[PDB]
Each structure stands twice: as structure tokens, then as C-alpha cells.
């Protein structure tokens, strides 16, 4: 029941970080994966290590024409389409009173609009092929608890979750499932950037900010991309066949719902 053999997957933002771990895990579980990413060279590198082969395609998830074209190219390459993991996201950090319109839009356009477009287009394909498709979106701990210095980011990730819920309600009568995962403090390049921004803004060392994240975590350690990826495999699989519209926390006990 956890097997993804034969399934055809697209992972947006799959070149690096959590997305790459998702792609690797989906593949380990039996799927054939297309990675759509701003960095198509990094996508090809990930594909090189997948067991079932795969495909790399360039996409800018902020732009409808790009997402439409990327998705169609991936679907054509895969020879079908069963699963979307919409993972592309960004952050900037800033005191709320100083957030710029530019970075409000950067966060919204990638995190919320990028999920919208990939999801909307995915569902169009699923419906046109009468597929029991499955969507997993990457939200955040900040889709559950507003985070200081990330107020715009939090807003954008709450938007993901709300979109997820509503979409799920529309797609469930069509046997299309839509869920999201809410990671905690994940060791990737987004975290390494964040610790340095945060330390500066709070006047702390990077090391102390890190240690605070671990102190907040009941399981006692910083999170890895794989911690999230293995949960996305679950939500993609038929073990989760009676689950839709959820924001599954994968945070080590930080956030309980």
C-alpha cells in the first residue's frame, strides 16, 4: 500500500533541498519523476541518480504560460500523470514595518500563486484524463503559526493551506486528493540563509539562533529534508486514500494539530 510503482510524478522546485528529497523518495517508492525547476541543470543532476529514470524541465512557477508549458512537456515525457508535489517556495526575512511591496510580491507570487497555478493546471489534466490524481503541496510551520520577521511569508503559506483545503473540497467528488505538508526547521540552503538574516536582525550569532530552533523542537534536533520527503510519499500513496485537505505537520513536535 505504500508502493508508487507505475505512477508518474511532477515535482515543482525539485532541484534542491526538500524538493530534491521528495523526488528521490518518490522514485525510491516506485514512481517516475519529472522535476520542474528554475534551475534545470540542477534538476538533471537529481534525475541522474533516480532508479526509474526521469525528466528535467525548466519552469518559473510565478508565470502561467511557463507552468502550462512545463507541465505539458513533463506529461508528454512521462507518458502520463498521476501525482503533483508542488514544492517551489522562497522566503525573505524582515521586520513587519519594513517589508517591501517587492518582497511581499516575491513571497506571494512563488509560494501562493505558484502552488495555485501548478495545482490548477494539474487538476485540469487529471480531469481531462479521468485520473484519480494526487497533489501534495509544501506549506510550512508558518501556515499554522504566524512567525515574526516572516509575516509576509507566513501570510503566503497560510494561503497555501487555505487553497489546499478549498481545492480538496472541490476535487474530492472527482476522486482527486489534495494535501499539504508543514515542515519545521529544515536544514537546507533556505535555513542557512535564514539563520544569518535572523541573527543580524535579532543581534545574535547564527549559532545561537540555530540552538534556539533545536531548543524549541521536542524531538531535540534540527529537521532534515528526508524527514519531510518520507511523509510526502505517504500522502502520495494509497495508504492515504481517505485523507484530503490536510496540513500534515512534520516538525518534530513543534506544532500539534
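Positions refer to the first chain, counted from 1.
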Would you tell me which stretch averages the higher CA B-factor in the PDB entry, 223-231 or 48-56?
48-56
Per the entry, where is the mean C-alpha temperature factor higher: 7-15 or 241-249?
7-15
For the listed residues 139, 166, 155, 74, which one has the largest C-alpha B-factor as given in the deposited model?
74
Among the choices 61, 34, 42, 26, identify the one whose CA B-factor in the record is greatest.
42
Sorting the chain's modelled residues by C-alpha B-factor, tell me whether residue 125 ends up in the lowest, middle or highest third.
middle
Consider only the C-alpha atoms of the modelled residues in this chain, order them by B-factor as the entry records it, and name the third containing residue 185: lowest, middle or highest.
highest
State the tercile, meaning the lowest, middle or highest third, of residue 179 with respect to the CA B-factors recorded for its chain.
lowest
Quick check for you: using the entry's CA B-factors within this chain, is residue 89 in the lowest, middle or highest third?
middle
Taking only the Cα B-factors deposited for this chain, tell me whether residue 146 sits in the lowest, middle or highest third.
middle
